[PDB]
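Below: the structure, in C-alpha cells.
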Amino acid sequence: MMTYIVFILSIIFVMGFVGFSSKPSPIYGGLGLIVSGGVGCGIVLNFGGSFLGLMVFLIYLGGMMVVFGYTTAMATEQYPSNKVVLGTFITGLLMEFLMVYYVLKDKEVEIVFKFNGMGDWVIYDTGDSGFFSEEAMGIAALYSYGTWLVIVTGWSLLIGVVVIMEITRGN
Amino acid sequence: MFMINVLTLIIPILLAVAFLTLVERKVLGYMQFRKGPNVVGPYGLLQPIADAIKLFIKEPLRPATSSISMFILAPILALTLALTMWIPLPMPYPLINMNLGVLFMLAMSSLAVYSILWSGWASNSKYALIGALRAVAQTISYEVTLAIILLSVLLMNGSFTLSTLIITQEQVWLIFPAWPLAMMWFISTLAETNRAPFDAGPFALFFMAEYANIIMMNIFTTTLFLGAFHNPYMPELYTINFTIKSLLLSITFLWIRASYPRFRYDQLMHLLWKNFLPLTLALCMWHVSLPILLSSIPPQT
Amino acid sequence: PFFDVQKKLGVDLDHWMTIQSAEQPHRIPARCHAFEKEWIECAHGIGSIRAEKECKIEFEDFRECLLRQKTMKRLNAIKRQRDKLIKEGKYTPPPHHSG
Amino acid sequence: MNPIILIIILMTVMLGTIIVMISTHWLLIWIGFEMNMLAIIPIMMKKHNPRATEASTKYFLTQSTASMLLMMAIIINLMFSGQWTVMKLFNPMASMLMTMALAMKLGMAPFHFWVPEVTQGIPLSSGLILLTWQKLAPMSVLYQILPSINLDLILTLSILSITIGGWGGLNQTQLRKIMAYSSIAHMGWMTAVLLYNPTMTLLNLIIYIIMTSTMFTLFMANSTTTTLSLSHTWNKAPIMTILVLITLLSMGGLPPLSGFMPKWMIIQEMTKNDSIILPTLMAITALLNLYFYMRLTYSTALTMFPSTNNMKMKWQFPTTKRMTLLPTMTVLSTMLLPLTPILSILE
Amino acid sequence: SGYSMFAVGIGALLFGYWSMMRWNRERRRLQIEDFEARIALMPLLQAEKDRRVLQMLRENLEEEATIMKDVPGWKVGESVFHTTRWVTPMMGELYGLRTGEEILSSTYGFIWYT
Amino acid sequence: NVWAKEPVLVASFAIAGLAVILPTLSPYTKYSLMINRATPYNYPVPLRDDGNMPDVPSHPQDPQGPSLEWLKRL
Amino acid sequence: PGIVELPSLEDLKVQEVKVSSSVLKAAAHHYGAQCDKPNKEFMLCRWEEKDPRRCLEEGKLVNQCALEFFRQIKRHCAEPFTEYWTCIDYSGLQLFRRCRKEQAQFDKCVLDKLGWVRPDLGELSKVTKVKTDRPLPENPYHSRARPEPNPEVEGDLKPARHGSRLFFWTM
Amino acid sequence: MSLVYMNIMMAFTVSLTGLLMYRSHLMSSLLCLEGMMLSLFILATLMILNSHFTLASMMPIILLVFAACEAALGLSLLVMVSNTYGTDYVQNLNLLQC
Amino acid sequence: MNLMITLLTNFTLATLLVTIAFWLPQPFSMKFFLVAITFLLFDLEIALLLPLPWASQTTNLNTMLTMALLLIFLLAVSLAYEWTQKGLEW
C-alpha cells in the first residue's frame with residue numbers, strides 16, 4: 001500500500017523461489033513455481049512490460065507447468081513435513097529477512113556490488129512521447145530484420161521434435 | 001466507485017450461472033419431449049435457488065481430510081478464474097481497458113487447466129485420476145488450435161486491443177471473411193468447455209467454474225465474430241443486441257449439446273490433429289498472405 | 001578460431017542485434033545513445049589495450065549513464081541529510097508545491 | 001535410426017559448431033552450445049541399453065547447468081557495459097562465471113566427474129564425435145574472450161586438470177575411461193597456454209583431434225572394450241598391433257614421433273615468459289600420464305597374452321569394415337615431426 | 001447441393017474480403033489523419049516539457065543549496081558526468097523530495113492506469 | 001484419386017499452395033508497400049536551408065514535394 | 001567535475017497556453033496551416049543542437065504564435081468552434097470520424113471569414129527546408145578530440161630472413 | 001543500482017543451490033532449473049526495459065523458448081529413466097561407475 | 001494495481017465463500033506422454049508466430065512474408081513428419 005511495490009513483489013518472488021528450492025514434493029514445487037511466475041510477471045509488468053511479460057505467462061505458466069505436473073503425476077507419487085526441508089526453508093527466510101534489514105537500515109549492501117538501498121521508482125524514463133509501444137515494435141522485429149535468427153530457432157525446434165520421437169522410440 | 005464496479009460485475013454472474021442452469025434444463029425439456037418440470041416455483045426459479053442452497057447445505061459423507069492445501073487451492077483457483085475473467089471482455093465499455101486481452105484470456109484458460117490437474121491429483125490416486133489425466137490431455141490439445149485461429153482472426157484487427165475489434169466489426173461481421181475458421185473456433189470452444197460431444201467437492205463450485213467459463217466463451221464469441229454497431233452516447237442499444245446474440249448462441253450451444261453422441265478418445269485426438277491442425281495452418285497462412293494481396297494491413301495505431 | 005564468413009559473404013545477420021546505436025525498426029534512439037557513439041568513435045581503430053588506457057573517461061561516463069550509480073548515491077545522501085535535519089527539527093519543508 | 005535421420009542429426013552438430021564459430025553475438029553462441037547439446041543427445045542411445053540412458057542423463061544435467069551458467073555470465077555482462085559483442089568482458093565476476101561455465105562444458109578436474117562415466121556406457125562413434133566436437137567448439141569461444149580472463153582461474157584449472165587426469169587413469173582397465181582421462185589431460189595442456197599464445201592452443205587441438213580419431217578408428221576396426229580383447233586383436237591381425245604401438249607412443253609424446261610437437265612448442269612459448277616451475281611441473285605430469293599408455297602397449301603388442309581359440313574360425317573371415325580414414329590420419333598423426341614450421345599455418 | 005453450397009460459401013467469403021478491404025483502406029486514411037494531428041501538435045508540447053523540466057531543475061538545485069550546507073565537500077550543482085552535455089534527467093533529479101502522491105501519479109501512473 | 005481418400009488435407013494443400021504462389025502475381029503489392037511506407041510515425045525534421053535543391057518544399061501546402069494521393073483516388 | 005548551468009526563473013516564464021488537451025487536439029490542422037511556419041526554426045534548433053537551455057527563445061516564439069492563433073480563432077469566426085471541441089470531447093479517444101458534421105461547419109466558417117485551407121492528407125509530412133540565422137555547429141557532442149590513428153603497415157614484402165628462425169629448419 | 005536486481009540475483013543463487021543440492025528426485029531438480037530459467041528471463045527483461053534497448057528484445061523470448069525445449073528434452077530423459085526402472089530416484093543410478 | 005484490486009476482492013469473496021462452505025455443514029502410457037511434449041513444442045512455435053500482427057506493418061513486407069511462411073511451413077513439416085513416421089497413434 002505504498003511506493004515500494006516492485007520491491008515488495010521481488011520479496012514475494014524470492015519467497016516463492018525459496019519455497020520450492022527447499023526441495024519439497026515436486027507437485028508442491030510446481031505450485032511454488034506457479035506463485036513465483038505470477039509475481040515475476042507482476043514485476044515485469046510493473047516495469048511495463050505490456051507485451052512480453054504476459055506473452056511468456058502463456059508459455060511459462062501456460063505451456064510448461066502443465067507438462068511438468070503431468071509427468072510428475074503419472075511417473076511416481078510417493079505418498080508419505082520432513083525436518084530438513086523445514087530447516088532449509090527457515091534458513092532461506094532468514095537470509096531474506098537479513099538482506100531486507102540491511103537494505104532498510106543501511107546505505108549499501110555488498111556481495112561484490114554497491115546496491116543503493118531504496119525502492120527503484122528511480123531510475124525510470126521521464127515519460128517520453130512514444131505513440132508506438134516500444135517493446136511491441138521490438139518484438140515486431142524478427143521478421144524484417146531477423147533473417148538468420150528465426151531460421152536457426154525453427155531449425156532447433158524441428159530438431160527438438162525429431163529428437164523427442166527418436167528417444168521415445170523413433171519411429 | 002471502482003469496487004462498486006467490481007461488485008456490479010460479480011453479483012450478476014452468479015445469478016447468470018444459476019439461471020443458465022434452469023435455461024439449459026428447460027430447453028432440454030422443450031427439445032426432448034419432457035414438457036417440464038416447472039412445479040417448484042412459478043416457471044422454475046425457486047427450484048434453482050433452492051438447488052444452490054441445497055448444494056450449500058448438503059450432508060458431506062465427509063471423505064475430505066486429505067491434502068488440505070491442494071484441496072483448498074483447486075476450487076479457489078477455478079472459481080477465481082471463472083469469476084475474474086469477464087474484466088477485459090468489452091461489454092460496451094470494458095471494466096479495464098487492457099492494451100492486450102485475448103492473450104490474457106488464453107493464459108487464464110491454461111490456468112483453468114492447472115485447476116483441473118490439481119483436482120485430479122486430489123482425487124487420490126485412482127482410475128478417476130487416469131480419467132482426469134485424459135481430460136487434461138483433451139483440454140490441452142485445443143489451446144494450440146484456439147490460439148492459432150484467434151491469431152488469424154485478430155490479424156484483421158492488427159492489434160490485440162479489442163476496441164480495434166469493435167472498430168473492425170461495423171461494416172460487415174467477421175463471420176463472412178472467415179467462416180471455416182470461425183467454424184473450427186466454435187468446435188474448439190466446444191472442446192474447451194469440456195462438454196458433450198467432447199468428454200470430489202465442492203461439486204457446486206467446479207460446476208460454477210464450468211458454467212461461468214461457458215458464458216465467458218459465448219460473450220467472447222459474440223464479441224469476436226458477431227455483434228452490432230456500437231454507438232457513443234447510447235450504449236444500451238449495443239448492450240441489447242450483444243445480449244440477444246450471446247443468448248441465441250448459447251441456446252444453439254445447448255441445441256448441439258442435445259443431439260449428438262460422445263466421441264471415443266482415439267477419434268477425438270485423431271480428429272484434432274489429423275483434421276484441424278493442417279487446416280488451421282493452411283487458413284492461417286492464407287490470412288497472413290491476404291493483406292499483402294489486397295493492400296489492407298490493419299492500422300496498429 | 002574466429003572465422004569471418006560473416007564478413008566474407010556480405011550478410012548482416014549479426015550486426016543489428018549486437019550493439020546500441022544501430023538502426024532500430026522505427027528510427028528511435030536508446031537511453032544512452034550518444035555516450036556509446038562517442039565511446040565507439042573513440043575506440044574504433046585502436047588495439048583494445050590503449051583503448052583502455054585512453055578511452056577510459058568516456059567509458060566511465062557511459063557506465064554512469066547506464067546504471068546511474070553515483071547519481072543515485074548523491075540522491076541517497078540528499079535524502080539521508082534531509083532525514084537527519086528534519087529529525088533535528090529545522091524547517092518542516094515547504095519546497096513541495098510551494099517555496 | 002534411419003540414415004536420413006542420422007545425416008540430419010550430424011548436420012545439426014556441424015551447424016551448431018559453425019554457429020559457435022561464426023557469430024559476433026552472444027545469443028548465437030548460447031544457441032550454438034544448446035543446439036550442439038540437443039543434437040548430441042541422440043548420437044548417444046543409438047543402442048537401447050540403460051547404460052546409454054543414464055550416461056545421456058548425466059551429460060544432460062552437467063551440460064545444461066553449464067549452459068545456464070553461461071547465460072548468467074552474459075546477462076551480467078549486459079548489466080555492465082551494454083552490447084552483445086564477442087570481445088573483452090567488463091567484470092571479473094562475469095569472466096569468472098563464464099570460464100567456469102566453459103570449464104564444465106569441456107571438462108576440468110573439479111568438473112570432470114561426468115566424462116569417464118558418459119564415455120563408459122556409449123559406443124565408440126558417439127564418444128568420438130563428443131570428444132572431437134565438444135572439445136573443439138568452446139576453444140573458439142575461449143580464443144575470442146582471452147584478453148579479459150583472470151589468470152588464476154585458467155591456470156589453476158589447467159594444472160589441476162593435468163594432475164587429476166594423470167592420477168585418475170592408472171587404475172582403469174577399460175579403454176574408454178583411459179581415453180577420457182587422456183582427454184582431460186589434453187584439455188589441461190591446451191588451457192594452460194591460452195593467455196600466452198593461443199596459436200599453440202589451436203594447434204594442440206588439431207593434433208589431439210587427429211590422435212583421438214586414429215585411436216578410435218583402431219578400436220572401430222575390431223570391437224574391443226578391454227585389453228584382453230586387444231590381445232586377441234594381436235592374435236587375429238599383425239598390423240593393428242604395430243599401429244596401436246605407434247599411436248599409443250604418440251599419445252605419450254616421445255620426440256621422434258609426432259606427439260612431441262604439441263608439448264615442446266608449448267614449453268617454448270611458455271618459457272619465453274618467466275614461467276619455469278609451471279612448465280617443469282606440467283611436463284613431469286606429462287611423464288606421469290604415459291604409464292597407462294605403456295601398460296596398454298605391453299598388453300597389446302609387446303608381450304603376447306594367450307588367446308582363446310575360435311580365432312582359428314575367425315581367420316577365414318578378413319576384417320571387412322570400412323575405416324573412416326585410418327592410414328592418412330595415422331601417418332599424419334605420427335610422422336609429422338619435422339614439419340614444425342607448419343606452426344605458422346594458423347595466423 | 002454440394003457444388004452449389006461450395007459456390008455460395010466461396011461467394012460469401014469473397015464478398016466479405018472485398019468489403020473488409022474497402023473498410024481497411026478508409027481506416028488507414030483516418031489513421032494518417034491521426035498522425036497529422038500528432039505531428040502538427042508536437043512542438044508546443046515539446047516547449048512546455050522543456051520549460052517544466054528546467055523549472056524543476058532550478059528549483060531542486062536551490063532546494064539542495066538550502067539542505068546541504070552542513071557537510072564538507074559538496075558543491076551545489078555537481079555534474080556527476082565528465083562531459084559537458086545536457087543529459088536527460090532520471091526522474092530522481094526531477095521528482096525528488098516530493099513524498100509519495102505526485103511521484104506515484106507521475107512515475108507509475110501510466111503503468112497502472114488503463 | 002486423392003479427393004476421396006483424405007479430402008480436407010488436399011483442400012489444405014491447395015489453399016496453402018495459393019497462399020505461397022498468389023502474393024507474387026497481384027496488382028496490389030506495390031500499393032501495399034507505398035501505403036505502408038508513407039505513414040509518418042516520428043517527426044519529419046526540418047533541415048539546413050539550401051544546397052539549391054529543386055525539392056524539399058518550404059511550405060507544407062507547397063506541392064513541390066513528394067506526397068500521396070492514391071488514398072483518396074482508390 | 002564542472003557543475004551545471006541552469007537559467008533561473010527570471011526567464012522561464014511565458015504565459016502558457018492554458019487550454020486543455022481536447023480543444024488543442026481538435027484545433028490541430030489549422031494550427032499547422034496559419035502558424036507553424038516559424039516553429040520549424042525551433043525544431044531545427046532542437047534537433048541540430050541537442051540542448052534545451054539553448055533554443056528556449058524560439059520556444060517563447062512558438063508559444064506566443066500558438067497564443068496569437070487561439071486569440072485569432074476567438075476573435076473571428078466562430079462561436080461553434082466551442083461546439084466542435086465539446087463534440088469531439090466526450091467521444092472517448094478522439095476519433096476524427098465521429099463528429100464530422102461540425103468539422104464541415106467549421107471548415108465553411110473558416111473559409112468564409114479567415115480562409116485557411118485545410119491541409120490534405122497527408123501534407124503534414126514532406127520534409128521541409130528553413131533558413132536560419134544561427135550557424136550550424138561543430139562537435140555538438142561536447143567531447144575531446146580523437147586520440148591517435150594507427151600507423152598503417154604498407155609497401156611490398158620481401159622473402160623472409162633465413163626462413164623460419166626457429167630452432168632449426170633453416171629455409 | 002536498481003535494488004530489485006539485488007533480490008533477483010539473490011533468487012538466482014537460491015535457484016542455483018536448489019538445482020545443485022537435491023535428494024532422491026530428478027523432477028524437482030529439473031523444476032528448479034526451470035525456476036533458474038525464469039530468473040534469467042526476468043533479470044534480462046528488466047534490463048532491456050529500463051535501458052530502452054529495443055531491437056535486442058529477442059533475448060528474453062528466445063532464451064525462454066530454447067530453455068523450454070531443453071526442459072522438454074529433460075522430461076523425455078526422465079521418462080526414459082523411469083521406464084527402465086520403477087522409479088526415478090537419484091538412487092539406482094549407481095551403475096556405470098566412476 | 002487496479003486489476004490487483006479486482007483480483008484481491010474476488011479472491012477474498014471466493015475464499016470467504018469456500019470457508020463458509022467447508023466450516024458450516026449445518027502405470028503409465030508413452031502414448032499419453034508424447035501429446036504433452038508435442039503440445040510444448042508447437043506452443044513454443046506459436047509463441048514465435050503470434051507477434052506477427054504487431055509486425056504486419058514495416059518497410060520490407062516481402063522479408064516478413066518469406067520468414068512467416070517459413071515458420072508455418074516448418075510447423076507443417078514437423079507435424080507431417082510425425083504423421084508419416086507413425087508416432088502419434090494408439
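In the C-alpha cells, each chain is lettered A, B, ... as it comes, each chain's residues begin at 1, and ligands are numbered from 1 in order of appearance.
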Need the shell around residue 52 (chain I): protein/DNA/RNA residues with any atom at most 9 Å away, counting only C-alpha atoms. Skip same-chain ones fewer than 5 positions apart. Format as a PyMOL selection string? (chain A and resi 139-140+143) or (chain B and resi 151+155+288) or (chain I and resi 64+68)
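Proximity to chain F at a cut-off of 10 Å picks out residues 56, 57, 58, 59, 60, 61, 62, 65, 66, 69 and 73 of chain I on chain I, counting only C-alpha atoms.
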Go ahead and save the residues from that selection, with N, CA and C atoms, as a PDB file, in the first residue's frame.
ATOM      1  N   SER I  56       2.851  -6.547 -38.712  1.00  0.00           N
ATOM      2  CA  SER I  56       2.223  -6.516 -40.037  1.00  0.00           C
ATOM      3  C   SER I  56       2.468  -5.240 -40.841  1.00  0.00           C
ATOM      4  N   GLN I  57       3.064  -4.205 -40.256  1.00  0.00           N
ATOM      5  CA  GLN I  57       3.448  -3.009 -40.988  1.00  0.00           C
ATOM      6  C   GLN I  57       4.931  -2.713 -40.772  1.00  0.00           C
ATOM      7  N   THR I  58       5.670  -2.629 -41.875  1.00  0.00           N
ATOM      8  CA  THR I  58       7.107  -2.385 -41.903  1.00  0.00           C
ATOM      9  C   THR I  58       7.480  -1.948 -43.317  1.00  0.00           C
ATOM     10  N   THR I  59       8.759  -1.628 -43.515  1.00  0.00           N
ATOM     11  CA  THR I  59       9.216  -1.238 -44.844  1.00  0.00           C
ATOM     12  C   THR I  59       9.386  -2.432 -45.773  1.00  0.00           C
ATOM     13  N   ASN I  60       9.878  -3.555 -45.262  1.00  0.00           N
ATOM     14  CA  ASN I  60      10.149  -4.742 -46.069  1.00  0.00           C
ATOM     15  C   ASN I  60       9.064  -5.774 -45.788  1.00  0.00           C
ATOM     16  N   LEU I  61       8.026  -5.776 -46.617  1.00  0.00           N
ATOM     17  CA  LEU I  61       6.947  -6.732 -46.415  1.00  0.00           C
ATOM     18  C   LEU I  61       7.276  -8.100 -46.991  1.00  0.00           C
ATOM     19  N   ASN I  62       8.138  -8.161 -48.007  1.00  0.00           N
ATOM     20  CA  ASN I  62       8.449  -9.448 -48.620  1.00  0.00           C
ATOM     21  C   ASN I  62       9.327 -10.314 -47.725  1.00  0.00           C
ATOM     22  N   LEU I  65       6.890 -11.749 -45.250  1.00  0.00           N
ATOM     23  CA  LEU I  65       6.135 -12.801 -45.923  1.00  0.00           C
ATOM     24  C   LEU I  65       6.956 -14.081 -46.027  1.00  0.00           C
ATOM     25  N   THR I  66       8.229 -13.953 -46.414  1.00  0.00           N
ATOM     26  CA  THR I  66       9.100 -15.112 -46.584  1.00  0.00           C
ATOM     27  C   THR I  66       9.353 -15.828 -45.263  1.00  0.00           C
ATOM     28  N   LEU I  69       6.053 -17.393 -43.753  1.00  0.00           N
ATOM     29  CA  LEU I  69       5.716 -18.633 -44.433  1.00  0.00           C
ATOM     30  C   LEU I  69       6.722 -19.731 -44.134  1.00  0.00           C
ATOM     31  N   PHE I  73       5.547 -23.161 -42.503  1.00  0.00           N
ATOM     32  CA  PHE I  73       5.887 -24.316 -43.316  1.00  0.00           C
ATOM     33  C   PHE I  73       6.737 -25.299 -42.536  1.00  0.00           C
TER      34      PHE I  73
END
Env of region 86-90 of chain E: 7 Å cut, atoms = only C-alpha atoms, seq-sep filter 5 positions within chain, self excluded. Answer as a PyMOL selection string. (chain A and resi 122-126) or (chain G and resi 51)
Hey, list the chain E side of the contact with chain A: 8 Å cut-off, only C-alpha atoms, answer as a PyMOL selection string. chain E and resi 89-92+100+104+107-108+111-112
With N, CA and C atoms kept, could you save the residues just selected as a tab-separated table (two decimals), in the first residue's frame?
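Produced file part.tsv, reproduced below:
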chain	number	residue	atom	x	y	z
E	89	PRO	N	17.46	13.98	-17.51
E	89	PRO	CA	17.35	13.60	-16.10
E	89	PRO	C	16.59	12.30	-15.92
E	90	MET	N	16.72	11.74	-14.71
E	90	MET	CA	16.41	10.34	-14.46
E	90	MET	C	15.14	10.13	-13.65
E	91	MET	N	14.33	11.19	-13.45
E	91	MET	CA	13.13	11.31	-12.60
E	91	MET	C	13.48	11.35	-11.11
E	92	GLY	N	14.74	11.16	-10.75
E	92	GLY	CA	15.19	11.29	-9.38
E	92	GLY	C	15.77	12.67	-9.19
E	100	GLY	N	5.58	10.99	-2.20
E	100	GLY	CA	4.56	9.97	-2.39
E	100	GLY	C	3.50	10.12	-3.46
E	104	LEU	N	3.87	8.95	-7.32
E	104	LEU	CA	3.14	7.77	-7.76
E	104	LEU	C	2.22	8.11	-8.92
E	107	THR	N	5.32	8.75	-11.95
E	107	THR	CA	6.20	7.66	-12.37
E	107	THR	C	5.40	6.43	-12.80
E	108	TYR	N	4.66	5.84	-11.87
E	108	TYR	CA	3.92	4.61	-12.11
E	108	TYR	C	2.46	4.88	-12.48
E	111	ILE	N	1.45	3.09	-15.81
E	111	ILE	CA	1.57	1.64	-15.78
E	111	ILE	C	0.33	1.01	-15.16
E	112	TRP	N	-0.21	1.61	-14.10
E	112	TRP	CA	-1.48	1.12	-13.59
E	112	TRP	C	-2.59	2.16	-13.66
Quick one: residues within 10 Å of region 56-65 of chain F, only C-alpha atoms counted, chain neighbours fewer than 4 positions away excluded, as an MDAnalysis selection string? (chainID F and resid 46:47 49:50 52) or (chainID G and resid 32:33 36:37 117:120 122:131)
Would you output that residue set with C-alpha atoms, as a compact mmCIF listing (two decimals), in the first residue's frame?
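Result written to result15.txt:
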# COMPACT_ATOMS: atom_id res chain seq x y z
CA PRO F 46 13.44 20.28 -40.93
CA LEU F 47 16.94 20.60 -42.35
CA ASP F 49 18.42 25.82 -45.83
CA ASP F 50 19.95 25.43 -49.29
CA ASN F 52 19.77 24.79 -54.08
CA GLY G 32 -0.50 23.77 -38.75
CA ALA G 33 -1.88 26.00 -41.51
CA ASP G 36 3.88 26.67 -37.63
CA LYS G 37 5.91 28.48 -40.23
CA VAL G 117 -7.34 25.86 -46.39
CA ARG G 118 -7.26 22.53 -44.57
CA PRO G 119 -4.04 20.56 -45.21
CA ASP G 120 -4.64 17.49 -47.37
CA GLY G 122 -1.00 13.65 -45.75
CA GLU G 123 0.54 17.11 -46.29
CA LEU G 124 1.69 17.44 -42.66
CA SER G 125 4.66 15.35 -43.81
CA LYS G 126 7.09 16.07 -46.66
CA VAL G 127 10.43 17.09 -45.05
CA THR G 128 10.94 20.83 -45.13
CA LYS G 129 13.66 23.43 -45.63
CA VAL G 130 14.04 26.53 -43.49
CA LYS G 131 16.58 29.32 -43.46
Could I get the residues of chain B with an atom no further than 9 Å from an atom of chain A, each paired with its nearest atom pair and that distance in Å to one decimal, using only C-alpha atoms, sorted by chain and residue number, as a tab-separated table?
residue	atom	partner	partner_atom	distance
B:70	CA	A:28	CA	8.7
B:99	CA	A:50	CA	7.6
B:100	CA	A:51	CA	7.5
B:103	CA	A:55	CA	7.1
B:104	CA	A:54	CA	7.2
B:106	CA	A:58	CA	7.0
B:107	CA	A:58	CA	4.8
B:108	CA	A:62	CA	8.2
B:109	CA	A:62	CA	8.3
B:110	CA	A:62	CA	5.1
B:111	CA	A:62	CA	6.8
B:113	CA	A:66	CA	7.6
B:114	CA	A:66	CA	6.5
B:117	CA	A:69	CA	7.8
B:118	CA	A:69	CA	8.9
B:121	CA	A:73	CA	7.3
B:125	CA	A:77	CA	8.5
B:130	CA	A:74	CA	8.5
B:133	CA	A:70	CA	7.6
B:136	CA	A:66	CA	8.5
B:140	CA	A:66	CA	8.5
B:300	CA	A:132	CA	8.6
B:301	CA	A:132	CA	7.1
I need the residues in chain C that are helix (DSSP H, G or I) according to DSSP; give them as a PyMOL selection string. chain C and resi 5-8+33-42+50-54+56-66+69-88
Excluding residue 81 (chain A) and any residue of its chain fewer than 6 positions from it, enumerate the residues within 12 Å of it, using only C-alpha atoms, and give them as a list in words.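 In the requested form, the answer reads residues 22, 23, 24, 25, 28, 87, 88 and 89 of chain A.
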Those residues with N, CA and C atoms, as an mmCIF file, in the first residue's frame please?
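Full text of selection_36.cif as output:
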data_model
loop_
_atom_site.group_PDB
_atom_site.id
_atom_site.type_symbol
_atom_site.label_atom_id
_atom_site.label_comp_id
_atom_site.auth_asym_id
_atom_site.auth_seq_id
_atom_site.Cartn_x
_atom_site.Cartn_y
_atom_site.Cartn_z
ATOM 1 N N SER A 22 13.584 -25.396 -1.349
ATOM 2 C CA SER A 22 13.822 -26.235 -0.180
ATOM 3 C C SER A 22 13.540 -27.717 -0.430
ATOM 4 N N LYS A 23 13.417 -28.136 -1.696
ATOM 5 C CA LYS A 23 13.149 -29.493 -2.168
ATOM 6 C C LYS A 23 11.916 -30.129 -1.538
ATOM 7 N N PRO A 24 10.709 -29.685 -1.879
ATOM 8 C CA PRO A 24 9.518 -30.385 -1.394
ATOM 9 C C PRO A 24 9.164 -31.542 -2.307
ATOM 10 N N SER A 25 7.983 -32.111 -2.100
ATOM 11 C CA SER A 25 7.369 -32.942 -3.123
ATOM 12 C C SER A 25 7.215 -32.137 -4.413
ATOM 13 N N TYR A 28 4.215 -29.800 -5.033
ATOM 14 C CA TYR A 28 4.322 -28.574 -4.251
ATOM 15 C C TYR A 28 5.384 -27.650 -4.823
ATOM 16 N N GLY A 87 13.868 -26.866 7.840
ATOM 17 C CA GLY A 87 15.064 -26.143 8.240
ATOM 18 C C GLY A 87 15.656 -25.310 7.119
ATOM 19 N N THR A 88 15.691 -25.859 5.901
ATOM 20 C CA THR A 88 16.182 -25.092 4.761
ATOM 21 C C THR A 88 15.259 -23.932 4.417
ATOM 22 N N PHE A 89 13.948 -24.107 4.598
ATOM 23 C CA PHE A 89 13.024 -23.001 4.366
ATOM 24 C C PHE A 89 13.195 -21.904 5.411
#
What's the 9 Å shell around region 197-209 of chain D, counting only C-alpha atoms, without same-chain residues fewer than 6 positions away, as number ranges by chain? C: 1; D: 131-133, 135-136, 139-140, 143, 146, 183, 186-187, 189-191, 251, 258-259, 261-263, 265-266, 269-270, 333, 343-344, 346-347
Could you write out as a PyMOL selection string the residues of chain C within 12 Å of chain H, counting only C-alpha atoms? chain C and resi 14-33+63-73+76
Distance-based interface of chain A with chain C, 7 Å, counting only C-alpha atoms, as a PyMOL selection string: chain A and resi 116+141+147-148
May I have the residues within 9 Å of residue 196 (chain B) as a PyMOL selection string, using only C-alpha atoms and disregarding those fewer than 5 positions away in the same chain? chain B and resi 190-191+256-258+260-263
Quote the spacing between CA of residue 55 (chain E) and CA of residue 141 (chain G) in Å to one decimal place. 24.0 Å
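Counting only C-alpha atoms and comparing I:67, I:46, I:15, I:8, the residue that lies closest to residue 78 (chain B) is I:15.
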Residues of chain H that have any atom at most 7 Å from an atom of chain I: could you tabulate them with the shortest-distance atom pair and the distance in Å to one decimal, using only C-alpha atoms, ordered by chain and increasing number, as JSON lines?
{"residue": "H:65", "atom": "CA", "partner": "I:44", "partner_atom": "CA", "distance": 6.0}
{"residue": "H:69", "atom": "CA", "partner": "I:41", "partner_atom": "CA", "distance": 7.0}
{"residue": "H:72", "atom": "CA", "partner": "I:37", "partner_atom": "CA", "distance": 6.4}
When distances are computed from only C-alpha atoms, which of E:16, E:73, E:43, E:2 shows the smallest separation from chain F? E:43
CA of residue 12 (chain F) to CA of residue 272 (chain B): how many Å, to one decimal? 14.8 Å
Tell me, counting only C-alpha atoms, for each residue of chain F within 12 Å of chain C, which pair of atoms is nearest and how far apart they are in Å to one decimal, in rows ordered by chain and increasing number, as a Markdown table.
| residue | atom | partner | partner_atom | distance |
| --- | --- | --- | --- | --- |
| F:37 | CA | C:26 | CA | 11.5 |
| F:39 | CA | C:26 | CA | 11.6 |
| F:40 | CA | C:26 | CA | 10.2 |
| F:41 | CA | C:26 | CA | 7.9 |
| F:42 | CA | C:27 | CA | 7.8 |
| F:43 | CA | C:27 | CA | 10.4 |
| F:44 | CA | C:27 | CA | 11.3 |
Would you give me, as a list in words, the residues of chain D that come within 8 Å of chain H, using only C-alpha atoms?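 Applying the cut-off to the listed atoms yields residues 27, 31, 34, 38, 50, 51, 53, 54, 55, 56, 57, 60, 64, 65, 68, 71, 72, 75, 79, 113, 116, 117, 120 and 121 of chain D.
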Once you count only C-alpha atoms, which residues of chain B turn out to be within 12 Å of chain G? Could you give them as a PyMOL selection string? chain B and resi 93+97+163-164+167+230-234+301
For the residues selected in the previous step, produce a file with C-alpha atoms as a short mmCIF file (atom, residue, chain, number, x, y, z; two decimals), in the first residue's frame.
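Result file selection-v6.cif:
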data_model
loop_
_atom_site.label_atom_id
_atom_site.label_comp_id
_atom_site.auth_asym_id
_atom_site.auth_seq_id
_atom_site.Cartn_x
_atom_site.Cartn_y
_atom_site.Cartn_z
CA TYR B 93 -17.18 -0.06 -22.18
CA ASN B 97 -9.03 -1.11 -20.90
CA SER B 163 -11.61 -1.97 -29.21
CA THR B 164 -10.00 -2.13 -32.62
CA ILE B 167 -13.97 -0.87 -34.81
CA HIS B 230 -21.60 0.43 -31.06
CA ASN B 231 -22.96 3.90 -30.62
CA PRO B 232 -21.49 6.51 -28.28
CA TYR B 233 -23.97 8.42 -26.08
CA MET B 234 -26.26 5.33 -26.46
CA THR B 301 -2.12 2.83 -34.01
#
